[PDB]
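Visitor: Sharing a structure here in structure tokens format.
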Amino acid sequence: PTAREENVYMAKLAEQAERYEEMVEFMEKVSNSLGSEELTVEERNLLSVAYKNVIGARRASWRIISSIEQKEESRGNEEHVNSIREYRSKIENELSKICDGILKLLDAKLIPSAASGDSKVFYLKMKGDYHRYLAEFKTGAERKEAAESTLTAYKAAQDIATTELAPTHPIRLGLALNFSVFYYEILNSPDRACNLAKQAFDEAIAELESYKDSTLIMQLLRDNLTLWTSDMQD
Amino acid sequence: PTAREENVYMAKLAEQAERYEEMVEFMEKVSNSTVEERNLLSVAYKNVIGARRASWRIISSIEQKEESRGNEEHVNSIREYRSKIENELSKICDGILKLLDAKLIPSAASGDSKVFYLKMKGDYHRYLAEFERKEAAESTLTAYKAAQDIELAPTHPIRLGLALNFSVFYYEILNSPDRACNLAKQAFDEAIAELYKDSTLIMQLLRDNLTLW
Amino acid sequence: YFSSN
Ligand SMILES: C=CC(C)(C)OC[C@H]1O[C@H](O[C@@H]2C3=C([C@H](C)COC(C)=O)C[C@H](O)[C@]3(C)/C=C3/[C@@H](COC)CC[C@H]3[C@@H](C)[C@H]2O)[C@H](O)[C@@H](OC(C)=O)[C@@H]1O
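Here the protein sequences come in this chain order: G, H and V. For reference, each letter of the first sequence is one residue, going 5 to 212, 218 to 243 in the entry's author numbering. For reference, each letter of the second sequence is one residue, going 5 to 37, 44 to 141, 146 to 164, 168 to 212, 220 to 237 in the entry's author numbering. Numbers in the entry's author numbering are just positions in the third sequence, counted from 1, shifted up by 672.
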């Protein structure tokens with residue numbers, strides 16, 4: 005029962021009990037004890053799932069605050085808007101730290117120490133995810149340089165995915181799904197989004218490792234495509 | 005737009021954005037100076059304590075599972091993690107019990123306000139009774159008793178919410194389905210004889233407890 | 673808020 009086996013196990017207790025912030029701290033201590041050695045497949049997923057649930061709740065709250073704000077601004081009730089603007093500012097500064105916490109961990113050790121192609125596309129995609137989450141709320145010059153880092157990290161992940169990983173590889177299908185989503189809402193290009201996610205979907209159908222894991226993304230890819238292609242408006 | 009009005013508006017943003025810990029703090033200042047505000051402080055604290063207790067149920071299940079298999083070292087880690095979770099339950103219950111004791115319960119003027127505050131006292135004491147327990151259940155029965163004594170129709174929600182919360186305290190904490198059902202059956206039929221969307225929500229939950237008990 | 677992973 006080493007200290008590394010202690011924190012990997014204690015992360016599953018915070019994961020099972022929805023104590024995700026502490027689950028991040030446990031996996032953070034797992035990473036900040038390694039030189040040029042990378043995390044195992046489970047430890048890799050653990051940390052990423054831990055940060056996923058954390059940033060997911062913060063994002064949900066931000067979308068809700070932005071929506072209520074844009075209604076009060078649509079009404080013109082200014083004394084309420086100034087309060088929602090201040091409240092959203094607090095949420096956005098947390099998101100800065102949450103993305104800073106993983107990006108400065110991806111940039112420091114996870115990406116350089118990635119040896120296999122599976123870990124390269126993994127940690128590269130992760131960078132794009134949290135840089136894309138910054139582009140959701142950041143405005144002005146920060147948004148431009150955020151989507152720059154989102155597009156740059158997603159592209160390098162695609163080079164490694166298209167030459168080393170198989171089309172049905174989860175790490176590759178998930179990369180392409182996030183890639184298409186980045187095109188649709190952040191760059192507002194449906195054809196750049198659809199052509200990337202149609203290309204990646206059909207190469208998984210043509211080629212077809219248990220695919221229950223992959224087909225979960227294949228159902229989320231086709232769902233995205235189909236609803237986009239529909240002429241109706243969100 | 006007074007300062008008290010801003011807290012009611014600010015708690016709505018915390019209530020809507022599923023950020024419940026701050027809603028208690030925004031409503032905490034308002035108390036240190044209405045019907046909706048009474049619900050605002052109740053709902054914010056209710057979800058805060060609900061999140062912590064649910065984690066403890068799975069932790070106790072995860073720690074009892076390892077004791078069944080026999081993992082003294084794994085069980086030690088779970089019990090230590092459980093102690094930190096229980097330590098949070100004391101601070102969350104300490105704030106609500108101190109808020110009601112110092113100002114809320116004493117300043118309760120109407121009879122409908124006295125039942126609602128003493129019910130929260132018995133509720134937050136029942137949270138202390140799940141994990146000292148003899149005093150917690152004592153303060154739980156003492157709070158639930160005077161809230162039953164203090168003058169309204171059974172259909173009124175504060176009475177039905179108290180009768181359901183009190184009927185559950187006897188079943189799980191005191192292990193007495195006889196005296197518990199007699200409280201839920203007496204409170205349910207008295208609401209049907211006198212008879220509501222807010223009241224029937226508890227009336228459907230009163231039956232769900234009795235029909236499976 | 674389209675699907676993502
Ligand atoms: C380790 C903890 C848990 C959450 C139980 O692991 C769940 C799953 O964790 C992995 O699944 C990942 C993965 C998911 C799979 C698509 C499906 O997993 C399950 C359990 O159904 C869902 C998650 O979003 C997760 C963890 C994340 C990603 C994400 C990673 O970015 C770097 C993009 C794609 C997807 C990858 C990592 C999936 O491979 C594994 O590949 C799965 O096992 C196999 C054979 O694929 C395992 O079931």
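Backbone N, C-alpha and C fix where the C-beta goes; we use that ideal spot for every residue, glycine too.
Whole-angstrom Cβ separation of H/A180 and H/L200, contact assumed at under 8 Å?
Guide: Stepping through the second sequence from its first residue, residue 180 of chain H is reached at position 163. Stepping through the second sequence from its first residue, residue 200 of chain H is reached at position 183. Going by Cβ atoms, the distance from H/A180 to H/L200 rounds to 6 Å, so yes, they are a contact pair.
Visitor: Cβ-heavy atom distance between G/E189 and ligand 1 below 6 Å?
Guide: One-based indexing of the first sequence puts residue 189 of chain G at position 185. Checking the Cβ of G/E189 against ligand 1 gives no.
Visitor: Give the interface partners of G/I88 over in chain H, defined as CB-CB distance under 8 Å, in chain order.
Guide: As a working note, residue 88 of chain G is residue 84 in the first sequence. Simply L17.
Visitor: Report yes or no: is there a C-beta of chain V within less than 7 Å of the C-beta of G/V185?
Guide: Numbered from 1 along the first sequence, position 181 holds the residue referred to as residue 185 of chain G. Among the residues facing chain V, G/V185 is included, as its CB has a counterpart in that chain under 7 Å away.
Visitor: Using the C-alpha atoms, what's the distance from G/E207 back to G/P171?
Guide: Mapped onto the first sequence, residue 171 of chain G falls at position 167. Mapped onto the first sequence, residue 207 of chain G falls at position 203. So the alpha carbons of these two residues sit roughly 6 Å apart.
Visitor: Is the distance from the Cβ of G/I59 to the Cβ of G/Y137 below 7 Å?
Guide: Counting from one through the first sequence, the residue named residue 59 of chain G turns up at place 55. Counting from one through the first sequence, the residue named residue 137 of chain G turns up at place 133. The answer is yes: Cβ separation under 7 Å.
Visitor: Using a threshold of 7 Å, state whether the C-beta atoms of H/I226 and H/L169 are closer than that.
Guide: Mapped onto the second sequence, residue 226 of chain H falls at position 202. Mapped onto the second sequence, residue 169 of chain H falls at position 152. Not closer than 7 Å, so no.
Visitor: With a threshold of 6 Å (Cβ to nearest heavy atom), would V/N677 be considered close to ligand 1?
Guide: Taking the third sequence and counting its residues from 1, one reaches residue 677 of chain V at position 5. Yes, ligand 1 has a heavy atom inside 6 Å of this Cβ.
Visitor: Between the C-alpha atoms of H/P116 and H/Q203, what's the straight-line distance to the nearest angstrom?
Guide: Here residue 116 of chain H refers to the residue found at position 106 when the second sequence is read from its first residue. Here residue 203 of chain H refers to the residue found at position 186 when the second sequence is read from its first residue. Taking the straight line joining both Cα atoms gives about 29 Å.
Visitor: What separation, rounded to the nearest whole angstrom, lies between the Cα atoms of G/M27 and G/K56?
Guide: In the first sequence, counting from the first residue as 1, residue 27 of chain G sits at position 23. In the first sequence, counting from the first residue as 1, residue 56 of chain G sits at position 52. Just so you know, the alpha carbons of G/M27 and G/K56 end up roughly 11 Å apart.
Visitor: Beta-carbon of G/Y91 versus every beta-carbon of chain H: anything under 7 Å?
Guide: Within the first sequence, residue 91 of chain G is the residue found at index 87, counting from 1. By this cut-off, G/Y91 is an interface position.
Visitor: Assess contact between the region 32-47 of chain G and the region 70-86 of chain H, defined as three or more Cβ pairs (one per stretch) separated by less than 8 Å. Is contact present?
Guide: no
Visitor: Counting C-beta neighbours from all protein chains within 10 Å, is the total for H/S120 16 or more, i.e. buried, or is it exposed?
Guide: As a working mapping, residue 120 of chain H is identified with position 110 in the second sequence. Label assigned to H/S120: exposed.
Visitor: State the start and end residues of the unbroken alpha helix (DSSP H) segment that holds H/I164.
Guide: Taking the first residue of the second sequence as 1, we reach residue 164 of chain H at position 150. Counting along the chain, H/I164 falls outside any alpha helix (DSSP H), and DSSP gives it neither H nor E.
Visitor: Is the region 97-104 of chain H touching the region 62-81 of chain H in the sense that three or more CB pairs, one from each, lie closer than 8 Å?
Guide: yes
Visitor: H/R23 touches chain G at which residues, Cβ-Cβ below 7 Å?
Guide: For the purposes of this step, residue 23 of chain H is identified with residue 19 of the second sequence, where counting begins at 1. The CB of H/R23 comes closer than 7 Å to the CB of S65 in chain G, given here in chain order.
Visitor: Could you name each continuous alpha helix (DSSP H) segment of 4 residues or more that falls completely within the region 172-209 of chain G, going from the start of the chain to the end?
Guide: 174-185
Visitor: Grab me the residues of H/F30's own chain with a C-beta within less than 7 Å of its C-beta, minus the 5 sequence neighbours each way, in chain order.
Guide: In the second sequence, counting from the first residue as 1, residue 30 of chain H sits at position 26. Cβ neighbours of H/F30 beyond the five flanking positions: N11, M14, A15, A18.
Visitor: Does the distance from the C-beta atom of G/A150 to that of G/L128 stay below 7 Å?
Guide: Indexing the first sequence from 1 puts residue 150 of chain G at position 146. Indexing the first sequence from 1 puts residue 128 of chain G at position 124. The answer is no: Cβ separation not under 7 Å.
Visitor: Determine the direct distance from the alpha carbon of G/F205 to that of G/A21, and round the result to whole angstroms.
Guide: Locating residue 21 of chain G in the first sequence gives position 17, counting from the first residue. Locating residue 205 of chain G in the first sequence gives position 201, counting from the first residue. Their Cα atoms are separated by approximately 35 Å.
Visitor: With a threshold of 6 Å, establish whether the CB of G/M27 neighbours any heavy atom of ligand 1.
Guide: Looking up residue 27 of chain G in the first sequence gives position 23. Not so, every heavy atom of ligand 1 lies at least 6 Å from the Cβ.
Visitor: Does the distance from the C-beta atom of G/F126 to that of G/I175 stay below 7 Å?
Guide: By one-based count along the first sequence, residue 126 of chain G stands at place 122. By one-based count along the first sequence, residue 175 of chain G stands at place 171. In contact: G/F126 and G/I175 (Cβ atoms closer than 7 Å).
Visitor: Confirm the yes/no value for this check: CB of G/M130, any heavy atom of ligand 1, distance under 6 Å.
Guide: Position 126 of the first sequence, counted from the start, is the residue given in the question as residue 130 of chain G. Checking the Cβ of G/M130 against ligand 1 gives yes.
Visitor: Is H/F126 near ligand 1, going by C-beta to nearest heavy atom under 6 Å?
Guide: Here residue 126 of chain H is taken as the residue at index 116 of the second sequence, counted from 1. No, the beta carbon of H/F126 sits no closer than 6 Å to any heavy atom of ligand 1.
Visitor: From G/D195 to G/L230, what distance separates their C-alpha atoms?
Guide: Translated into the one-based positions of the first sequence, residue 195 of chain G becomes position 191. Translated into the one-based positions of the first sequence, residue 230 of chain G becomes position 221. For G/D195 and G/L230, the distance between alpha carbons rounds to 15 Å.
Visitor: Helix, strand or coil: how does DSSP classify H/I69 here?
Guide: As a working note, residue 69 of chain H is residue 59 in the second sequence. It is helical.
Visitor: Taking just the CA atoms, how far does H/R8 sit from H/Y188?
Guide: For the purposes of this step, residue 188 of chain H is taken as the residue at position 171 of the second sequence. For the purposes of this step, residue 8 of chain H is taken as the residue at position 4 of the second sequence. H/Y188 and H/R8: Cα-Cα distance of roughly 40 Å.
Visitor: Find the nearest neighbour of G/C198 within the set G/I190, G/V185, G/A210, judged by alpha-carbon distance.
Guide: Looking up residue 198 of chain G in the first sequence gives position 194. Nearest C-alpha to G/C198: G/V185.
Visitor: Identify whether V/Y673 lies in helix, strand or coil by the three-state DSSP scheme.
Guide: Numbered from its first residue, the third sequence carries residue 673 of chain V at position 1. In the structure shown, V/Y673 sits in coil (DSSP, three-state: anything other than H, G, I, E or B).
Visitor: Ends of the alpha helix (DSSP H) at H/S87?
Guide: Numbered from its first residue, the second sequence carries residue 87 of chain H at position 77. It spans 82-109 - the alpha helix (DSSP H) in which H/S87 sits, taken as one unbroken run.
Visitor: For G/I190 and G/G144, what's the separation of their Cα atoms in angstroms?
Guide: As a working note, residue 190 of chain G is residue 186 in the first sequence. As a working note, residue 144 of chain G is residue 140 in the first sequence. Taking the straight line joining both Cα atoms gives about 13 Å.
Visitor: Quick check: is the beta carbon of G/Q74 nearer than 7 Å to any beta carbon in chain H?
Guide: Reading the first sequence from its first residue, position 70 is the one you call residue 74 of chain G. Answer no: the Cβ-Cβ gap between G/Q74 and chain H never drops below 7 Å.
Visitor: Three-state secondary structure (DSSP) at G/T143?
Guide: In the first sequence, counting from the first residue as 1, residue 143 of chain G sits at position 139. It is coil, neither helix nor strand.
Visitor: Measure how close the beta-carbons of G/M130 and G/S52 come, nearest whole angstrom, since I'm counting them as under 8 Å.
Guide: As a first step, residue 130 of chain G is located in the first sequence; it is residue number 126 there, counting from the start. As a first step, residue 52 of chain G is located in the first sequence; it is residue number 48 there, counting from the start. At roughly 6 Å, the Cβ-Cβ gap stays under 8 Å, so G/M130 and G/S52 are in contact.
Visitor: For G/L114, which residues from the same chain have a beta carbon less than 6 Å from its beta carbon, with the 5 sequence-adjacent residues on both sides left out?
Guide: Numbered from 1 along the first sequence, position 110 holds the residue referred to as residue 114 of chain G. Counting only Cβ-Cβ distances below 6 Å, and skipping sequence neighbours, we find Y127.
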